[PDB]
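**Student:** Sharing an experimental structure here, sequence included.
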Amino acid sequence: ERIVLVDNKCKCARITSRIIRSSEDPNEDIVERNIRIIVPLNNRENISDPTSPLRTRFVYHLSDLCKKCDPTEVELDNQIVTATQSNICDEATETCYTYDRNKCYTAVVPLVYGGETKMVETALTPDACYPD
Amino acid sequence: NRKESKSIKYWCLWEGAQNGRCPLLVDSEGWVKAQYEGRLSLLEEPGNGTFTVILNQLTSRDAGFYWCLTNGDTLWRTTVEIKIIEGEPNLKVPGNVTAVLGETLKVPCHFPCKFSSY
Amino acid sequence: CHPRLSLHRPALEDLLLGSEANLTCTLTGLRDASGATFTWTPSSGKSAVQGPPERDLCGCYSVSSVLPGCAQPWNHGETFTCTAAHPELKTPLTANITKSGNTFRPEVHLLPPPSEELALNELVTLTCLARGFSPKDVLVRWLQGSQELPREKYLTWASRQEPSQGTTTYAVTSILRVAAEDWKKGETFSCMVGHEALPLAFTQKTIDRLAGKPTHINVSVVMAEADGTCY
Amino acid sequence: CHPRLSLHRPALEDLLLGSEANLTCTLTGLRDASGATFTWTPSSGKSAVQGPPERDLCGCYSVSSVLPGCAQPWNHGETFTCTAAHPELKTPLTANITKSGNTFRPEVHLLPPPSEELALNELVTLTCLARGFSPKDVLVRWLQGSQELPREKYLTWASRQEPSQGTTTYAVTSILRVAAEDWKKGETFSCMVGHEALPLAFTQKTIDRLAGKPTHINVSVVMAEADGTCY
Ligand SMILES: *[C@@H]1O[C@H](CO)[C@@H](O[C@@H]2O[C@H](CO)[C@@H](O[C@@H]3O[C@H](CO)[C@@H](O)[C@H](O)[C@@H]3O)[C@H](O)[C@H]2NC(C)=O)[C@H](O)[C@H]1NC(C)=O
Ligand SMILES: *[C@@H]1O[C@H](CO)[C@@H](O)[C@H](O)[C@H]1NC(C)=O
Ligand SMILES: *[C@@H]1O[C@H](CO)[C@@H](O)[C@H](O)[C@H]1NC(C)=O
Ligand SMILES: *[C@@H]1O[C@H](CO)[C@@H](O)[C@H](O)[C@H]1NC(C)=O
Ligand SMILES: *[C@@H]1O[C@H](CO)[C@@H](O)[C@H](O)[C@H]1NC(C)=O
């Protein structure tokens, strides 16, 4: 519980690690790793309303959580070059299990107004969707 | 800060000798220092979050810590360190040119093939 | 002896880090090495230099030429057609060179030190393996933190071809020895590999002691009837 | 061309496994034809038989001679001087080769595959490493269970020297790619290294699954009515 490696908010998974310089045998020590999963019991499969029933199966691949594909900057000789950081990021397309506090999620519903119909837009998470 | 773009911009040089002190070198009004003549300018591009200052004709005594200031309400003050390493410049120009009493001048300026895309 | 003609590709260290992709054309097997001919098909900056006719196997003179240029017409797929129409033969001969197609891109892997080097507390070894690339050219550098180490601190082998799973691919290795104390203090190291088939021309892997195979694992699964927002 | 004579130490594959200790005093580059004779300083009980000359660069030849002394007085401390004789530049050449001193032992490491390769269900790769040995002569073989794999299934590099503090030492690597079902079933593999400074002349290492497996795993299922996480 000391250094954060992964803090993922599409799946709501968090991985930390710490070198525990243990008491007995004081010239060797362990490496501990903590994983925390929070499982929502009322979310759907796709995040729209009538999709499919509530999700009952949750799968986590640690090779995908630890992935790193955004380009970085490296000073080699007296230069700045751009490099990648992973072997597998041939492509959003991932499925999310929870929401995220900092993003809107909307929908579209047709309702009637006497004559024709409209394409009324509906906020699914009302705190994060004010225009500001 | 983006919504404070109607301000005036400054550029320090942290002396640090007695207490700590920022003499100005250049402002956005159009004032430059005395001994920084011909080798300093402040540009408002790229704009919209950022401005740019260019300092050439470098020497080994230009190493120091430099601050950037605005006249806005709450100030971020960001600092950058300039280190001077060994090598030679990319572009290559001659020395200082004369001119005869009224005729055509011509000055070249080289660049390598890493700057061909630019 | 017997005359021959050759054309070699530009070196990868000046094509990737810089862009000055000079070419070279070489004829060997002459003893009157003043009367020679070189002609490429494009020549706009046509000052193709020639050098001193150095020796060869058992003291035969050898002439060569360099046509300067940079890396936009090479990587776009042009062609160069050096030819020798020297008067030491009565018939000329020709060769050409083009950027190789049918490429593959490598897979980079960094490996942690073995377990039985950590007992001695003297020095530990880090191995870098790059596999499966179709041309025979590669670059390998090392970094500590964000500082590049100088080239006299690690050993890099050569690039060889591996047992054939259908098509011909290559491999290369490299090792580096660091102090055992600052690996445990928490420094980070990186192996950087450059090859002309990668999209951004470079790729990097970074390893340290905390991002490794753990001894203890703690798993806690919490079930949240409340909300699905993940604060 | 210029005439020169060198002689070589016997091969390590014939000196550790087989029984074919052969020293080869040979001169290549001969202005005359095949008219040469060689004498050696020991007279152990065998005639240094010869072979016919060969084809070389532009008129030069290559004669040779093998001393059949495959009884090994080589590792006891002999000195084994050769001596040339030919209708050539009339000063008979001599050369001297002996077993080396100041020997060190190699240190052998066998590394597990990277986890990224493991989570893809294809071939997985293993790495052998030996470093710190004093003469640049070594043999690397592989095994699966007890069967030796044939040497067309794996790639091994040359033996180069490493940057260090005075005492010159050398290193070598090798790889081998196996199928994921053989790894996941539980079949083991081995890397085996032969050197002259090892007292029993061979070393083994072995690897499979469950090598760096963890020792403790805690699972906690926190039910509802207790959700108390923090930011
Ligand atoms: C998960 O659900 C969302 C929400 O329903 C899906 O996205 C939506 O998919 C529909 C059908 O593909 C899109 O409708 C299209 O609208 C355009 C006009 O903009 C029209 O040209 C098409 O004929 C069609 O009517 C809609 O745009 C799209 N996006 C939204 C609502 O933002 C999504 O595909 C679902 N994903 C999975 C993996 O099930
Ligand atoms: C300023 O930056 C914001 C955010 O990048 C962008 O949306 C906006 O269009 C920019 N304005 C101009 C004039 O480029
Ligand atoms: C350039 O040359 C002129 C010639 O007198 C001189 O006055 C001036 O100081 C020179 N400037 C620099 C930066 O050397
Ligand atoms: C390049 O050389 C090859 C053979 O060396 C031959 O096809 C021709 O001379 C050249 N190719 C083209 C397309 O001109
Ligand atoms: C052994 O080799 C050395 C080096 O050339 C030489 O000086 C010496 O005379 C040789 N000794 C014998 C017995 O051949």
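**Tutor:** Received the coordinates, thanks. Numbering: from 1, shown residues only, chains lettered A, B, ... in the order given. Ligands and ions are numbered 1, 2, ... in the order given.

**Student:** Contact partners for residue C:12?
**Tutor:** Contacts for residue C:12 (Cβ atoms under 8 Å, 6 or more residues apart in numbering or on different chains) come out as C:137, C:138, C:139, C:194, C:195, C:196. Every residue, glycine included, has its C-beta placed from N, CA and C.

**Student:** What's the local residue count around the second one?
**Tutor:** This means residue C:138. Using other Cβ atoms under 10 Å in any protein chain shown, residue C:138 has 20 other residues around it.

**Student:** show me what contacts it?
**Tutor:** Here residue C:138 is in contact with C:12, C:106, C:130, C:159, C:172, C:193, C:194, C:195 (Cβ under 8 Å, 6+ apart).

**Student:** Mind checking what secondary structure residue B:41 has?
**Tutor:** Secondary structure state of residue B:41, per DSSP: H, G, I helix; E, B strand; the rest coil, is strand.

**Student:** Can you read off the backbone torsions of the residue in chain B that chain C sits nearest to?
**Tutor:** The nearest approach of chain B to chain C comes at residue B:113, 3.3 Å away (Cβ to the nearest Cβ). As for residue B:113, its main-chain torsions (degrees, to the nearest 10) stand at phi -80, psi 0.

**Student:** I'd like to know how many residues surround it.
**Tutor:** Counted with other Cβ under 10 Å, residue B:113 comes out at 15.

**Student:** where along the chain do the helices fall?
**Tutor:** Picked chain A for this. Along chain A, counting by DSSP state H, helices occupy A:62-65.

**Student:** could you do chain C instead?
**Tutor:** Under DSSP H, chain C gives helices at C:12-16, C:72-76, C:180-185.

**Student:** outside of the longest one, which residues touch it?
**Tutor:** By Cβ under 8 Å, 6+ apart, the residues outside helix C:180-185 that reach it are C:113, C:117, C:118, C:120, C:121, C:122, C:123, C:124, C:209.

**Student:** roughly how far apart are the residue nearest the centre of chain C and ligand 5?
**Tutor:** Within chain C, the residue whose C-alpha comes closest to the C-alpha centroid is residue C:138; the distance, by Cα atoms, centre = their mean, is 1.9 Å. Per Cβ to the nearest ligand atom, to the nearest Å, residue C:138 is found 41 Å from ligand 5.

**Student:** interface residues of chain A facing ligand 1?
**Tutor:** Contact residues, chain A versus ligand 1 (Cβ under 6 Å from any ligand atom): A:46, A:48, A:108.

**Student:** Out of those, which end up buried?
**Tutor:** Among the residues of chain A next to ligand 1, not one is classed as buried by 16 or more other Cβ atoms under 10 Å in any protein chain shown.

**Student:** sec struct for the residue lying farthest from the centre of chain B, please.
**Tutor:** Farthest-out residue of chain B from its mean C-alpha position, per Cα atoms, centre = their mean: residue B:101, at 33.5 Å. Using three-state DSSP, the three-state assignment for residue B:101 comes out as coil.

**Student:** what about the residue in chain C that ligand 1 sits nearest to, how many residues close to it?
**Tutor:** Per Cβ to the nearest ligand atom, residue C:228 is where chain C lies closest to ligand 1, at 15.8 Å. By other Cβ under 10 Å, 21 other residues sit near residue C:228.

**Student:** Residue C:201 too?
**Tutor:** If you count neighbours by other Cβ under 10 Å, residue C:201 ends up with 17.

**Student:** Then residue A:37?
**Tutor:** Using other Cβ under 10 Å, residue A:37 is surrounded by 16 other residues.

**Student:** give the contact list for the residue of chain C found nearest chain B.
**Tutor:** Evaluated by Cβ to the nearest Cβ, chain C has residue C:70 as its residue closest to chain B, separated by 3.3 Å. Residue C:70 sits next to B:113, B:116, C:19, C:20, C:21 when contact means Cβ under 8 Å, 6+ apart.

**Student:** quick one: the last one from residue C:199, how far?
**Tutor:** From residue C:21 across to residue C:199, the span is 19 Å (Cβ to Cβ, to the nearest Å).

**Student:** which of those two has more neighbours?
**Tutor:** Neighbours per residue (other Cβ under 10 Å) separate residue C:21 from residue C:199, with residue C:21 holding more: 20 against 8.

**Student:** quick one: contacts of stretch C:79-95?
**Tutor:** Identification of contacts with stretch C:79-95 by Cβ under 8 Å, 6+ apart yields C:3, C:5-7, C:23, C:25, C:27, C:30, C:32, C:35-42, C:65, C:67, C:96-98.

**Student:** The residues you listed in strands, which ones?
**Tutor:** C:5, C:6, C:7, C:25, C:27, C:30, C:65 (DSSP state E).

**Student:** Can you name the residues bridging to the third one?
**Tutor:** When you say that, I think you mean residue C:7. residue C:25 (DSSP bridges).

**Student:** Chain C - how does it break down into domains?
**Tutor:** C:1-98, C:99-231 (curated CATH domains).

**Student:** Look at the last one and report the distance between its end residues.
**Tutor:** Pointing back at domain C:99-231 there. End-to-end distance for domain C:99-231, by Cα to Cα, to the nearest Å: 52 Å.

**Student:** Show me what from chain A comes close to chain D.
**Tutor:** Residues of chain A found near chain D (Cβ under 8 Å from any Cβ of the partner chain) are A:36, A:38, A:41, A:61, A:63, A:87, A:88.

**Student:** who in chain A is up against chain B?
**Tutor:** So far as Cβ under 8 Å from any Cβ goes, chain A lies against chain B at residue A:78.

**Student:** residues near residue C:78, how many?
**Tutor:** 13.

**Student:** Provide a list of residues in contact with it.
**Tutor:** When contacts are taken as Cβ under 8 Å, 6+ apart, residue C:78 is in contact with C:42, C:98.

**Student:** show me where chain B has strands.
**Tutor:** All strands of chain B, identified by DSSP E, fall at B:10-11, B:26-27, B:40-43, B:52-55, B:64-69, B:78-82.

**Student:** Can you show me the strands along chain A?
**Tutor:** Counting by DSSP E, the strands of chain A are A:3-8, A:13-20, A:30-40, A:72-74, A:81-83, A:106-109, A:120-123.
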